[PDB]
Amino acid sequence: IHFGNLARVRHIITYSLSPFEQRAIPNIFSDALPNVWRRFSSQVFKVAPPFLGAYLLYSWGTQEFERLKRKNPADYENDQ
Amino acid sequence: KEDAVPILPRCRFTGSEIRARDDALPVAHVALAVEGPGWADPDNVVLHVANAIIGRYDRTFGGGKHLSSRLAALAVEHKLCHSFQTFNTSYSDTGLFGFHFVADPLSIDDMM
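What counts, and at which threshold
- Residues numbered from 1 in each chain as written, not as in the entry; some residues may be left out.
- Chains lettered and ligands numbered in written order.
- Part of a larger assembly, values for the part shown.
- Heavy atoms only, no water.
- Helix = DSSP H or I, 4+ residues; strand = E, 2+ residues; numbered from the N terminus.
- Rg over C-alpha atoms; globule rule 2.2 N^0.38 Å.
- Areas by Shrake-Rupley, 256 points an atom, 1.4 Å probe, with all protein chains shown as cover.
- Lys, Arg positive; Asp, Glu negative; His and termini not counted.
- Charge placed at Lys NZ, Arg CZ, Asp CG, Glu CD.
- Core = buried A, V, L, I, M, F, W, Y, C linked by side-chain atoms within 4.5 Å.
- Buried < 20%, exposed > 50% of the residue type's maximum accessible area, 1.4 Å probe, protein only.
- Contact = heavy atoms within 4.5 Å.
- Buried area = accessible area lost by both parts, 1.4 Å probe.
- Salt bridge = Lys/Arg side-chain N within 4 Å of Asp/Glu carboxyl O.
- Polar contact = N/O pair within 3.5 Å; in protein donor to acceptor, adjacent residues only side chain to side chain.
- Nonpolar A, V, L, I, M, F, W, Y, C, P; charged D, E, K, R; others polar.
- Pairing = 2+ DSSP bridges.
- Expected span 1.5 Å × (residues − 1).
- Bend = angle between axes of the 7 residues up to and from the residue.
- 1 Å grid on protein atoms, 1.4 Å probe; cavity = no way out; pocket = protein on both sides within 12 Å on 5 of 7 lines; lining within 4 Å.
- Points joined across faces, edges and corners; volume = space filled by probe spheres on them.
- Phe/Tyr/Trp six-rings, centres within 6.5 Å; stacked < 30°, edge-to-face > 60°.
- Axes fitted to C-alpha atoms, helices over the stretch in contact; angles between N-to-C directions.

Draft legend 1. Structural context of the overall build of chain A. When its secondary structure is counted, chain A shows 1 helix and 1 strand. The C-alpha atoms of chain A give 30 Å as radius of gyration, which overshoots the globular expectation for 80 residues (12 Å, by more than 25%). Accessible area of chain A: about 8,200 Å², with a carbon and sulfur share of 62%. Each charge class in chain A was averaged separately, 10 positive and 7 negative side chains, and the resulting centres sit 21 Å apart.

Written out as structure tokens, the structure is:
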């Protein structure tokens, strides 16, 4: 028994419609998308940064590792 | 104009719910109903017959657990509610066919 012992609640009214009276995916352009954008916007500067930093470190380290495989002509300039 | 009886604009029915919650109240009331046909329709005779089968109850019905109404019996056997009633409220072009019961907070679910 977990329904009926949860919380003391007073004076709240709620209104809901059957699913058959309403649309499944309403106002995609007037409400949905705007909010999607809103949600993306509010988070991008928190998430993106470290991932971007990760990428850099990755690129550096990958290129630096290949550069060290190449040869330095300065080791053969007096090998005649 | 004066002796013409005006026809009212039809009222649209909506499957939906309204929940007014006040845990401070001692017992809960619940009413459920579908759209009825309206005065003129003959089916109302059958609906009323139907409501008679389910009928009604209240904690002072002496018949108790032997009442013919199954819902009434269960109500007694399982202490499902303080009372319940069926109804077929009619109107010109529509109506409400349903039931209402009064139960303790912890027996609402089984009653329904």
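Draft legend 2. Looking closely at the nonpolar core. Residue and element names in this part refer to chain B. One finds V30, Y57, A72, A75, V76, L80, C81, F84, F101, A103 and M111 forming the largest nonpolar core, which totals 11 residues. For this core, the secondary-structure elements that each account for two or more residues are α2 (70–77) and β5 (95–103). When residues of this core are assigned to their parent elements, the largest contribution, 3 residues, is made by α2. In contact with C81, other than residues within four places in its own chain, are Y57, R59, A75, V102, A103 and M111.

Draft legend 3. Looking closely at the interface of chain B and chain A. Counting residues at the interface gives 13 residues for chain B, matched by 16 residues for chain A. Between chain B and chain A, the buried area comes to about 1,100 Å², and carbon and sulfur atoms account for 47% of it. Taken as a group, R21(B), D23(B) and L106(B) account for 36% of the area that chain B buries against chain A, more than any other trio of residues on that side. Linking chain B with chain A are 1 salt bridge. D22(B) is the partner of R10(A) in a salt bridge, and the nearest nitrogen-oxygen pair spans 2.6 Å. Connecting chain B to chain A are 8 residue pairs in polar contact. Looking at side-chain class alone, the side of chain B that touches chain A contains 5 nonpolar, 3 polar and 5 charged residues. Direction of pairing for strand β1 (residues 10–17) of chain A relative to strand β1 (residues 16–22) of chain B: antiparallel, over a ladder of 7 bridges. Residue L17(A) lies in a different strand from β1(B), and its bridge partner there is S16(B).

Draft legend 4. Structural view of helix α1 (residues 28–67) of chain A. With 40 residues, α1(A) ought to run about 58 Å at 1.5 Å a step, yet its terminal C-alpha atoms sit only 51 Å apart, falling short of that. Its maximal kink placed at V44(A), α1(A) deviates by approximately 55°.

Draft legend 5. Quick peek at the layout of surface pockets. In this structure, the largest pocket spans a volume of roughly 1,800 Å³. Around the largest pocket, the lining is made up of 37 residues, and of these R19(B), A28(B), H29(B), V30(B) and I108(B) lie nearest the centre. Of all the secondary-structure elements, those providing two or more residues to the lining of the largest pocket are β1 of chain A together with β1, β2 (28–35) and α3 (108–111) of chain B. Classifying every residue of the lining of the largest pocket by side-chain character gives 22 nonpolar, 8 polar and 7 charged.

Draft legend 6. Quick look at the packing of aromatic side chains. Residues and elements named next belong to chain A. Evaluation of the coordinates by the stated rule reveals 4 aromatic pairs over all chains. On the basis of an interplanar angle of 45° and a centroid distance of 6.4 Å, the ring pair of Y55 and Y58 is categorised as tilted. Placement of the pair is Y55 and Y58 together in helix α1, with a separation of 3 residues, close to one helical turn. A single burial state applies to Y55 and to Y58, both of which are exposed.

Draft legend 7. Examining the side chain of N44(B) more closely. Counting through the fold element by element, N44(B) comes out in helix α1 (residues 43–54). Residue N44(B) is classed as buried on the basis of its relative accessible area of 6%.

Draft legend 8. Here's a closer look at the sheet that holds strand β3 (residues 56–58) of chain B. All names here are of chain B. Strand order across the open sheet formed by 4 strands is β2-β5-β4-β3, with antiparallel pairing between neighbours. The open sheet has two edge strands, β2 and β3, and neither has a second partner. Put simply, the sheet's adjacent strands are angled 25° from each other on average, direction ignored. Here strand β4 (residues 83–90) runs beside β5; their pairing, made up of 8 bridges, is antiparallel. Residue pairing across strands places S90 opposite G95, the latter belonging to β5. Sheet contacts for α1: β3, β4 and β5; angle to β4, the most-contacted strand, approximately 180°. α2 rests against β3 and β4 of the sheet, and its axis sits at about 25° to β3.

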